[PDB]
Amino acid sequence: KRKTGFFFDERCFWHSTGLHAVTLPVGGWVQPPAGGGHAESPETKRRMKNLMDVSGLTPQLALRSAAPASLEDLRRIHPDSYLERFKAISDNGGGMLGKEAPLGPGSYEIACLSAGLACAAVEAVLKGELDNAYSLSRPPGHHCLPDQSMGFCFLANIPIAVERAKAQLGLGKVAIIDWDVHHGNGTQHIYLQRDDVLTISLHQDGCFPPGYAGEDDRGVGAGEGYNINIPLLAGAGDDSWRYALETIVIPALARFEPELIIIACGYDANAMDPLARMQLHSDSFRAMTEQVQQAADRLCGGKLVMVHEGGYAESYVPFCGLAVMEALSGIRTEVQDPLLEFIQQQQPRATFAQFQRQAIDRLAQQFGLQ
């Protein structure tokens, strides 16, 4: 039906972060790994693209790369002191950009590309050249603060793309919905005092950043009311995430009236993920994509951009990604998710489901949406 862009570049798969045993740095009591290392591996993302190819989906999409984000683009978000230190470490062979921010040689130029893919996806959709678009942006962006890398993120991908669109393409109100299972603390910080961007994060209560829930953080000054955190309970599955979208996110969008919806699209709420404890399956992600595409249809002429964030289940993320691209493009391949029925049977029973529904009801009331 739609003309759907897929923005990606081989170079994004070349970003490295040194030797880790899953998330632990090697040394001391942490033995080096015999096989695969850091959880933020290129394979998480490359396997999704590989499955899109063998499924026959890829040739029916508009495939694109992009020019890297320029220095000027980076500077709408990040000060030079941060950028220079990121680039120095990148240029000297890789190393640490403060605690638990490892990067590799040439990571700077690859992070600029990753942000440039997001910039170009936003631009194509805004200019009406595409109906909607997905950016396979690695490294991710949603934890990055202006002057601090965190949670495997080095540049604030979505804010860079948005700020560029506001400066060059007259973009007005935009909503950012972050269903990566971790809290989008970088996006929240950047837009905390602004009423022209609504930031919504669904996330696992207390997961990352650790110990953060955030429901009382609504924004400050002019931005008060324009930040929504939905801390879902660890263990929640398909029913809970879809109910939260239905009850909180879709009504919030209706009230705000954006001209563009952007999804920070992680898959780490999937049921086999080592970096969170949620129980989503590929049909969960397909249903959430349909819900936000339908909202985009009602509110901003169908303009929807999705930007890849997290997801660390190497065998399972591809099936979730494929589902999203199928829902986005309107094209169904012959692929059947081999774990779907298994994960459907593992879903929380009625007691938990109702408990979580009531917690979501209390949040919607607290946010003035019910």
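Quick note: we count residues from 1 along the sequence shown, nothing fancier.
Practice prompt. Pick between 339-347 and 36-44: the one whose mean CA B-factor in the entry is higher.
Written response: It is 36-44 that shows the higher mean C-alpha B-factor.
Fill in: Stretch exceeding the other in mean C-alpha B-factor - 252-260, 108-116
The entry gives the higher C-alpha B-factor average to 252-260.
Worksheet item: Reading the B-factor column of the entry, which of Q168, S240, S149, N157 has the highest value at its C-alpha atom?
Response: Out of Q168, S240, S149, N157, the record gives the largest C-alpha B-factor to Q168.
Worksheet item: Highest Cα B-factor in the PDB entry belongs to which of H281, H143, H203, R164?
Response: Top of the list by C-alpha B-factor: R164.
Discussion item. Is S70 in the lowest, middle or highest third of its chain when residues are ranked by C-alpha B-factor?
Written reply: Highest third of the chain for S70's C-alpha B-factor.
Worksheet item: Thinking about Cα B factors across the chain, which third does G27 belong to?
Response: Tercile = middle for this residue's CA B-factor.
Discussion item. Is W179 in the lowest, middle or highest third of its chain when residues are ranked by C-alpha B-factor?
Written reply: For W179, whose C-alpha B-factor we compare with every modelled residue in the chain, the answer is the middle third.
Worksheet item: Lowest, middle or highest third: where is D195 by Cα B-factor in its chain?
Response: Top third by C-alpha B-factor.
Item to complete: Would you please rank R286 by its C-alpha temperature factor against the other modelled residues of its chain and give the third it falls in: lowest, middle or highest?
Response: Lowest third.
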